[PDB]
Each structure stands twice: as structure tokens, then as C-alpha cells.
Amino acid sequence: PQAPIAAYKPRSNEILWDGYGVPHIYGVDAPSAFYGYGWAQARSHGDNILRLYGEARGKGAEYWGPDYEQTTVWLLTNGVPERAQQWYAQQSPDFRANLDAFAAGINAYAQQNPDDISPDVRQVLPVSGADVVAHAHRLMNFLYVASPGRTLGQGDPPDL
């Protein structure tokens, strides 16, 4: 039974990015790697991440007006933001710390590079572990499983 190659043991926290902008995040422990990952995602997709986290808070209509209002009504009516706070508290201690670290990484990216964050989404910062849980909740249960279109009797999302 051949064993795999020796696992790398990181001695410092660093992102080594390659020439296509792929981050290789090395952490001395789990929370450090999650923080690095949050930082990297904020660098690569920061604006749209903040916008989505804003929506999953129930705050789309408040932050960005009418175009975001029907999603706000869907998510508030289905209790998504409060349920996310519940699920966040119901995490295991260890995994909650990874989620907090991911959110801290986002916040730290934005704090050290405020020029990279679009004006319209700055009001979303700071983000929390619960925000991360909430977007995942909206995505799985209230986009994939239960879509507004199926319940409300509308149409299917952007292609054509």
C-alpha cells in the first residue's frame, strides 16, 4: 500500500498567487487559512461578494433600492437573515472560528485596500461569520431548492 506524498507543513501565513491570479493560501492553522481565503476572494470578487452578503442580510432594498426589493421581500418573508444568525450560533466552536476568520479576511482586505471596493458596497462592511452563513443559506435553500419563481409562479433566470 503506497502512501501519498508528504504533506507540506506551513511555517508562515502567506498567499502565493500564480500568473492566472489563482491564490495558494498557506496557513499555520485552520483559521489562518480561512482568513487568507476570505482575503483572496475579496481581492478577486470583492464587490459582488459584498453585494450578495448585503442581500442575504435582508438589506438589498435598503442599500440599493427597488431593483433589489423583491429579493428582500422573499428573504425576509422566509426568515433567512434571522435563521442565519441561529445557524451561526449553532455551529461547532471550531468551525465557527473558521467562519469568523473568513469574514475577518474579507474585512481586512477591504480595510487595507479601500480603493478596490466599489462605493456602493462599502456600506456593507464589516461582514461577519453570520453573513457568510446567511449567503450560503440563501444559495442552497432559497435559490437552488426553493426559488422565488417556483413559489410565485414567474419565469426562469438570465440566459438567452
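Residue indices: 1-based, along the sequence shown.
Just going by the entry, 128-136 versus 64-72 on mean CA temperature factor gives the higher value to 64-72. When 145-153 is weighed against 17-25, 145-153 comes out higher, by mean CA B-factor as recorded in the entry. Residue-level temperature factors show residue 37 in the lowest third of its chain, judged at the C-alpha atom. Sorting the modelled residues of the chain by their CA temperature factor places residue 93 in the highest third. For residue 31, the recorded CA B-factor ranks within the middle third of the chain. Only modelled residues enter the ranking. Placement of the Cα temperature factor of residue 110 within the chain: highest third of the modelled residues, per the deposited record. Ranked within its chain, residue 58 lands in the middle third, by CA B factor from the PDB record.
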